[PDB]
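Below you'll find the structure, written out as structure tokens, and then a few comments.
There are 2 protein chains.
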Amino acid sequence: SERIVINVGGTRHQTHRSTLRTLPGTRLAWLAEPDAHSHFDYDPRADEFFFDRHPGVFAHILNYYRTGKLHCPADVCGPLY
Amino acid sequence: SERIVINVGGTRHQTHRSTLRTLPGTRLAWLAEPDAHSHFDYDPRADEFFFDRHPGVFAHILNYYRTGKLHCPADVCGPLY
Ligand SMILES: [Zn+2]
Ligand SMILES: [Zn+2]
Numbered sequence: 007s008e009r010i011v012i013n014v015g016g017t018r019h020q021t022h023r024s025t026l027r028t029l030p031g032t033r034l035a036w037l038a039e040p041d042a043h044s045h046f047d048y049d050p051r052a053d054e055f056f057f058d059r060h061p062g063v064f065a066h067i068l069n070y071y072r073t074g075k076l077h078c079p080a081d082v083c084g085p086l087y
Numbered sequence: 007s008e009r010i011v012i013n014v015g016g017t018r019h020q021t022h023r024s025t026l027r028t029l030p031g032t033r034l035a036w037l038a039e040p041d042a043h044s045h046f047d048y049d050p051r052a053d054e055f056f057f058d059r060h061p062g063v064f065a066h067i068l069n070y071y072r073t074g075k076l077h078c079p080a081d082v083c084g085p086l087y
């Protein structure tokens, strides 16, 4: 019950709930809480939350959650990120 | 949402909810209702209820639910059935 799988635009991003729980107040912080099945899109057959967003930049967002420093991917426009 | 899978001792018995809903008051009748996830053993990963019983005779119990006539399997003792 420590692992959580985010399905962002069809790409499965997997992480521990502690990682999401680091940065409070943000959307993924609300994901990490146990009252998240009702709040967010979720299918119990695969145990994944689905967000209809660009996955390539969510990699860097989740990297912010993991390491603690926010960086900009040099392969997307400024406004996109 | 019309199909329901019963896992009886490791053998998957599949049926429609109407079939279970035919005979009221019995255990499978309570299974057919929408408030059955909490009442009974159930895992959302496979969407199956698990009962730790002999499956070979549950075949005949479910056949009672389907056809409407209760028969005894001639391959098990009287007290077992
Ligand atoms: Zn641009
Ligand atoms: Zn016997």
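As you go down the protein sequences, you meet chains F and A in turn.
Heads up, the first sequence is in the authors' numbering, so the first residue is 7 and it goes up one at a time.
Heads up, the second sequence is in the authors' numbering, so the first residue is 7 and it goes up one at a time.
Quick reminder that beta carbons are idealized off the backbone N, C-alpha and C, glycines included.
Output needed for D47/F: all residues of its chain with C-beta closer than 8 Å, excluding positions within five of it in sequence on either side, in chain order. Your numbering for residue 47/F matches position 41 in the first sequence. So the qualifying residues of the chain are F55, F56, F57.
4-residue-minimum alpha helix (DSSP H) runs that sit fully inside the stretch 60-85 of chain F, ordered along the chain: 61-73
Could you tell me whether any non-hydrogen atom of ligand 1 is closer than 7 Å to the CB of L26/A? On the second sequence, position 20 is the one that residue 26/A refers to. Because no heavy atom of ligand 1 lies under 7 Å away, the Cβ of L26/A does not count as near it: no.
Are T17/A and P79/A touching if we call contact CB-CB under 8 Å? Counting from one through the second sequence, the residue named residue 17/A turns up at place 11. Counting from one through the second sequence, the residue named residue 79/A turns up at place 73. Cβ atoms of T17/A and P79/A: not closer than 8 Å.
Tell me whether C83/A, by its Cβ, gets closer than 7 Å to a heavy atom of ligand 2. Start at 1 with the first residue of the second sequence, and residue 83/A comes out as number 77. At least one heavy atom of ligand 2 is nearer than 7 Å to the Cβ of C83/A, so yes.
Please name the residues in the stretch 36-62 of chain A whose beta-carbon is closer than 8 Å to at least one beta-carbon of chain F, in chain order. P50, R51, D53
Can you find the residues in the same chain that come closer than 6 Å, C-beta to C-beta, to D81/A, ignoring five residues on each side of it along the sequence? Within the second sequence, residue 81/A is the residue found at index 75, counting from 1. Once the five neighbours on either side are set aside, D81/A has no close Cβ partner at all.
Between the C-alpha atoms of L37/F and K75/A, what's the straight-line distance to the nearest angstrom? For the purposes of this step, residue 37/F is taken as residue 31 along the first sequence, with counting starting at 1. For the purposes of this step, residue 75/A is taken as residue 69 along the second sequence, with counting starting at 1. Their Cα atoms are separated by approximately 51 Å.
Looking at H19/F: is its Cβ nearer than 8 Å to the Cβ of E8/F? Here residue 19/F refers to the residue found at position 13 when the first sequence is read from its first residue. Here residue 8/F refers to the residue found at position 2 when the first sequence is read from its first residue. The answer is no: Cβ separation not under 8 Å.
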